[PDB]
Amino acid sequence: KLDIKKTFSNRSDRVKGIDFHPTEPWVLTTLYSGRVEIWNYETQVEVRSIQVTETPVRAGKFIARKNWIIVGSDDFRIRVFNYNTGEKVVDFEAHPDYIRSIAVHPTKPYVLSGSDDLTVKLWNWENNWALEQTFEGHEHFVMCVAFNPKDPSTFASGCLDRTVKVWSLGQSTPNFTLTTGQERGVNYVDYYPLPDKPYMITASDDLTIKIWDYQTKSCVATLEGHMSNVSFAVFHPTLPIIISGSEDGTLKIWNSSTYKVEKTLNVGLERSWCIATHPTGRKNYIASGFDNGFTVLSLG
């Protein structure tokens, strides 16, 4: 089943953010150098690239329904570009500190940004990118934000304060706070996308990945094996696997039922920072960004 092939890999400066376009065979990379690139990974030709800033751009997503990309950087700013024309649609200071993570609501015109300023902010692009809410309560850098795809009126924030908080849009306190026991903090949080399990997953500098039942708050499993900071861990949308990546230079694929490692890949680009899975499992594509570039893999 698992038959991993390299679709396209290219070298670049450190890739901190990465995302797939849902209908074009494109991947967006956002770099530590302030540059962002959109690649057609089937033709292996650049669609568009932009020197956005001189600071790191840690976060970037497509907003395909608007033909946009949205990026956030260490200069504190969110910028949005039309990927067909190159037009800079908006450019604003979002936080008084680094932006770590951006999430886009699946149907409503909302973007979340998580920041070193200890907050998550909600922006509405149908209201001139107005700040509609600030979510306060975390006590260290907010490293990752993610909507619950099964109920995107709620979202999770993962924080170096060692917690995940789950929030409701329009409400000022978390529905709950998970104490992860990941004492070096949480770098990443993700939701299992299918209706049969209320699961989330967290990755930490403490070398662990943990699976959580968000209804009971129980830790279902702890996945050990990475040898340095775990940058991310995600559930694949269609295959029964979890995919993680680490500053140890490896991607790991784990069985999502037994939680045992199935495959370890060192693709030779040094530290791994970010991950994307194709929205619809097209060719079972995944992509990861590293110190020295990115790779797009077909898993089977």
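Numbering starts at 1 and follows the sequence shown.
Comparing 155 to 163 with 78 to 86, which has the greater mean CA B-factor as deposited?
Of 78 to 86 and 155 to 163, the stretch with the higher C-alpha B-factor average is 78 to 86.
Looking at the entry, does 132 to 140 or 99 to 107 show the higher mean C-alpha B-factor?
Averaging CA B-factors over each stretch, the winner is 132 to 140.
Which has the highest CA B-factor per the PDB entry: 259, 32, 68, 26?
The listed residue with the largest C-alpha B-factor is 259.
Residue with maximal Cα B-factor (values as given in the PDB entry) among 174, 198, 185, 114
Reading the PDB entry, the winner on C-alpha B-factor is 185.
With respect to C-alpha B-factor, does residue 123 fall in the lowest, middle or highest third of the chain as deposited?
CA B-factor rank for residue 123: middle third.
Using only modelled residues of the chain, where does the Cα B factor of residue 149 rank: lowest third, middle third or highest third?
Within its chain, residue 149 is a middle-third residue by C-alpha B-factor, going by the deposited values.
Using the B-factors in the PDB entry, rank residue 232's C-alpha atom against the chain and give the third, lowest, middle or highest.
Bottom third by C-alpha B-factor.
Looking at the C-alpha B-factor of residue 222, is it in the lowest, middle or highest third of its chain?
Top third by C-alpha B-factor.
Relative to the other modelled residues of the same chain, rank the CA B-factor of residue 191 and answer lowest, middle or highest third.
Lowest third - that is where residue 191 ends up once the chain's C-alpha B-factors are sorted.
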